[PDB]
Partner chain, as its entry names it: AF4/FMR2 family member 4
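First, one chain by itself in structure tokens, the form solved without its partner chain.
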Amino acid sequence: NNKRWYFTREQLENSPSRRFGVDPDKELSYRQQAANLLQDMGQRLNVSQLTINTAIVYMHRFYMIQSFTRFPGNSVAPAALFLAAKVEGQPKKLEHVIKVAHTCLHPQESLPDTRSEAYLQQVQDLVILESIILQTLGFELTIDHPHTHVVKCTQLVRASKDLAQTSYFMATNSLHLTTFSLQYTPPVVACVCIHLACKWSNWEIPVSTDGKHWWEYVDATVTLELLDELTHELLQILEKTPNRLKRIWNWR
């Protein structure tokens, strides 16, 4: 139901991986890494950012049941991407996903003769994994991403073309850089992204005719306390990611 795939902070500490000795700091790294792998591959396979994101969620969720020590990100990522693409009606050929995953993880390696046993095996390997992903997710593959809710909000906040782009930027990055999607509903996360997008650009959106802040019209569970704490967390890790913030920095 609504609570299956959402976790408390305490539950996030007790991840299947922490159970096999993986530091919580390390683990987040494994996550970000996969996300990158997903992003890089997704772009070379020329799928939509939507699918890339759907794959990324599958990944985050997978690793709340499975441990990194038993399923390496470089194995799951291609599998999950292959899947998300099928689900988002942008299906990519199995051979073609294998090929791109190879050159991504082995820019140097020589691609095997598709006739090889060692190649035939790695095809079967991907497929096995995609299956292990389905059964992990209990066949729940309909995702919902903050992005939908971004437009809905930004529009109704009447915010410049630019402000709006920064907001989706925040969205796509919260997926690579944080586990917000495992703790907060797409709608709530969207408010977080827009809040920060405003703080970053010195936009302030004035109080409705009622005294009610914009976000309340997007979700009444949300509060300034929360938004402030969350954007701080998100902004911090952005500051950590080389060149990420450069992308939206008002250079003028």
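Think of the rigid core as the biggest set of C-alphas that the two forms share within 1.5 Å after superposition. Residue numbers count along the first chain shown, from 1.
- Choosing between 145-153 and 87-95, the greater Cα displacement from the shown form in 7 other deposited structures of this protein, fitted by the core, goes with 145-153.
- Each structure in 7 other deposited structures of this protein is fitted to the shown form on the rigid core, and of 172-180 and 154-162 the C-alphas lie farther away on average for 154-162.
- Looking at mean Cα B-factors across 105-113 and 124-132, the upper value is held by 105-113.
- Averaged over CA atoms, B-factors in the entry run higher in 8-16 than in the other of 232-240 and 8-16.
- Among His96, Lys86, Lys152, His176, the highest C-alpha B-factor recorded in the PDB entry belongs to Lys152.
- Sorting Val207, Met41, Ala197, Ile56 by the CA temperature factor given in the entry leaves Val207 at the top.
- The PDB entry assigns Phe180 a C-alpha temperature factor belonging to the middle third of its chain's modelled residues.
- In this PDB entry, the Cα temperature factor of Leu50 sits in the bottom third of its chain's modelled residues, the lowest group.
- Per the PDB record, residue ranking by Cα B-factor puts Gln66 in the middle third of the chain.
- Sorting the modelled residues of the chain by their CA temperature factor places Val192 in the middle third.
- The entry lists a Cα temperature factor for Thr221 that places it in the highest third of the chain's modelled residues.
Form solved in complex with its partner chain: not shown, discussed below.
- No residue of the trio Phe68, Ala79 and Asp113 has any heavy atom within 4.5 Å of its partner chain in the deposited bound form.
- Taking the partner from elsewhere, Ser208 is found to have a heavy atom lying within 4.5 Å of its partner chain in the deposited bound form.
- Contact between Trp214 and its partner chain in the deposited bound form is found at the 4.5 Å heavy atom cutoff.
- Looking at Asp228, you'd find a heavy atom of it within 4.5 angstroms of its partner chain in the deposited bound form.
- Its partner chain in the deposited bound form is approached by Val157, whose closest heavy atom lies within 4.5 angstroms of it.
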